[PDB]
Amino acid sequence: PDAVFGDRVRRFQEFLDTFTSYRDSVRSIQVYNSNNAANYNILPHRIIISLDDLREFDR
Amino acid sequence: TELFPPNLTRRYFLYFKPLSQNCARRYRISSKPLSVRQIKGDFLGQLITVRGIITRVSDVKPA
């Protein structure tokens, strides 16, 4: 692939700032689900990407 | 010459039985009486008990 993969990789460095505010969110939702499952004696994998973090600076 | 497949001479079966007593509160779940409603997930290929009301009883046929 180099043409069909290049703007993937250039995005692969681009959108990592578009989850500066979600890279906390995506791990905080599982660390207790990993915790409570080890001490029982639950949420799906939802990563809401807003428009705002992908329209202010990528066209 | 053909040996017996192991299914020929059994004349017996197997069974299983889980637990929901204070041994679950001793130290550690797989036998909470879940309903039918929440069951479609990773609970496919496991051992789960479910309560209910039995309807549509067929007969006994030789398999």
Any residue in the stretch A:1-28 that is more than 18 Å from A:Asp53 (Cα to Cα) sitting within a Cβ distance under 9 Å of a residue that is basic (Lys, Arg)? List the pairs, counting only those 6 or more apart or interchain. A:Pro1/A:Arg8
Within 30 Å of A:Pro44 (Cα to Cα) and either among the aromatic types (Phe, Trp, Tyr) or away from chain A (no Cβ under 14 Å) (or both): which single residue out of B:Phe4, B:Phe13, B:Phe43 fits that description? B:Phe43
Within the stretch A:29-39, residues being away from chain B (no Cβ under 14 Å) and surrounded by 10 or more Cβ atoms within 10 Å (Cβ to Cβ) number 3
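Here is a yes/no grid of residues against (1) surrounded by 10 or more Cβ atoms within 10 Å (Cβ to Cβ); (2) within 30 Å of B:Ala24 (Cα to Cα); (3) not small (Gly, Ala, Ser):
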{"position": "A:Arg11", "(1), (2), (3)": "yes, no, yes"}
{"position": "A:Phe19", "(1), (2), (3)": "yes, no, yes"}
{"position": "A:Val26", "(1), (2), (3)": "yes, no, yes"}
{"position": "A:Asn41", "(1), (2), (3)": "no, yes, yes"}
{"position": "A:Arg46", "(1), (2), (3)": "no, no, yes"}
{"position": "A:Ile49", "(1), (2), (3)": "yes, no, yes"}
{"position": "A:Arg59", "(1), (2), (3)": "no, no, yes"}
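Residue-by-condition table, conditions (1) under 30 Å from B:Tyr27 (Cα atoms); (2) out of contact with any helix residue (DSSP H, G or I) (no Cβ under 9 Å at 6 or more places or on another chain):
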{"residue": "A:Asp2", "(1), (2)": "no, yes"}
{"residue": "A:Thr20", "(1), (2)": "no, no"}
{"residue": "A:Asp24", "(1), (2)": "no, yes"}
{"residue": "A:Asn35", "(1), (2)": "yes, yes"}
{"residue": "A:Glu56", "(1), (2)": "no, yes"}
{"residue": "A:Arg59", "(1), (2)": "no, yes"}
Of the residues that make up the stretch B:23-33, is at least one assigned to a loop (DSSP other than H, G, I, E, B) and away from chain A (no Cβ under 14 Å)? yes
Do we find that B:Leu19 is within 14 Å of chain A (Cβ to nearest Cβ), among the aliphatic types (A, V, I, L, M) and either part of a loop (DSSP other than H, G, I, E, B) or in contact with a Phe, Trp or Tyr (Cβ under 7 Å, 6 or more places away or on another chain) (or both) in this structure? yes
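Per-residue answers, yes or no, for (1) assigned to a helix (DSSP H, G or I); (2) in contact with a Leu (Cβ under 7 Å, 6 or more places away or on another chain):
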position: A:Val4; (1), (2): yes, no
position: A:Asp7; (1), (2): yes, no
position: A:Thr18; (1), (2): no, yes
position: A:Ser21; (1), (2): no, no
position: A:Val26; (1), (2): yes, no
position: A:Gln30; (1), (2): yes, no
position: A:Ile42; (1), (2): no, no
position: A:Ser50; (1), (2): no, no
position: A:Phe57; (1), (2): no, no
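Where a number appears in this text, it was derived from the coordinates with a stated rule and is not lab data. Don't worry about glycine lacking a Cβ; one is built from the backbone with ideal geometry, like all the others, and counts go over all protein chains shown.
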